[PDB]
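Consider the single chain below, provided in structure tokens and representing the form solved without its partner chain.
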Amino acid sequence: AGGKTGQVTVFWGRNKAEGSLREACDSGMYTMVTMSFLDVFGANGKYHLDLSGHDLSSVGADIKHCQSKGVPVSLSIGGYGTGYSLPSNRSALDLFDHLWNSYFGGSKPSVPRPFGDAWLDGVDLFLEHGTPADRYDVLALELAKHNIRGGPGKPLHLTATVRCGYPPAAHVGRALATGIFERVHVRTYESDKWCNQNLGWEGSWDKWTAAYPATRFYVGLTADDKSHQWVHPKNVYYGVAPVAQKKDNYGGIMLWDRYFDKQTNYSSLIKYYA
């Protein structure tokens, strides 16, 4: 049976008023910060990073500062938008190259590095949109092969942030089928009828965790106390946390997002139940 792990992953980059990345890591509330989102990519070779107006000039320094404090920083690709797809093996490999040379251990004269010499700690796949033609499995495998634990490089935490419902959309299922994802953040705060904190998340949680034994599962909760899917701390303590932790592959809690958490201080208590 699983149990508390003390792990709390939070999303950052959705609202410039949420403070700098450095501030997030300095709060001592998170064990991982995931920036969002690289929202444009595909078979045409055009890539875009959208951090909602945040000052990009200081992100590199903040990333390194976070890492020095033991807080890894990841980059989520995708999002709720419609500007991305990965319809071929070639497009998947080109995206890997772009990520590698722009944010990780790669270096190419023609490719600028948004955060300078900072080297990110992971990649999260937030694939709201996709088709059976997408090849996220090819991208995932390449990223997994660069998760080095005993050689020239550093660990790369490969994750996916998915909808509550099981089974997942085909393109997500194809990627997860590789079996090499380290963590999956199951969003239980979407309005999805039959599958959210109000009703059905537990059943889906059972299916998700059982289907991917090698992957650690995080319960995704919203820090927006105005949401109909918000879970009061006392209900996380006596309900959500205990139930989620019954599974052997429970990994922790994911929070959406830094902005909301900053306004409600949700993690102040939640980090103790994770």
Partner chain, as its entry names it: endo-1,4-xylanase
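Residue numbers count along the first chain shown, from 1.
The following text describes the form solved in complex with its partner chain, which does not appear among the structures shown.
- Of the heavy atoms in residue 113, none are within 4.5 Å of its partner chain in the bound PDB entry.
- Although the partner is absent here, residue 67 lies within 4.5 Å of its partner chain in the bound PDB entry, judged by heavy atoms.
- Looking at residue 134, you'd find every heavy atom of it more than 4.5 angstroms from its partner chain in the bound PDB entry.
- In the bound PDB entry, at least one heavy atom of residue 145 sits within 4.5 Å of a heavy atom of its partner chain.
- Looking at 179-187, 82-90, 124-132, 97-105, the stretch with residues near its partner chain in the bound PDB entry, meaning non-hydrogen atoms within 4.5 angstroms, turns out to be 179-187.
- If you take 134-156 and check each residue for a heavy atom within 4.5 Å of its partner chain in the bound PDB entry, you get 144, 145, 147, 148, 149, 150, 151, 152, 153, 154, 155, in sequence order.
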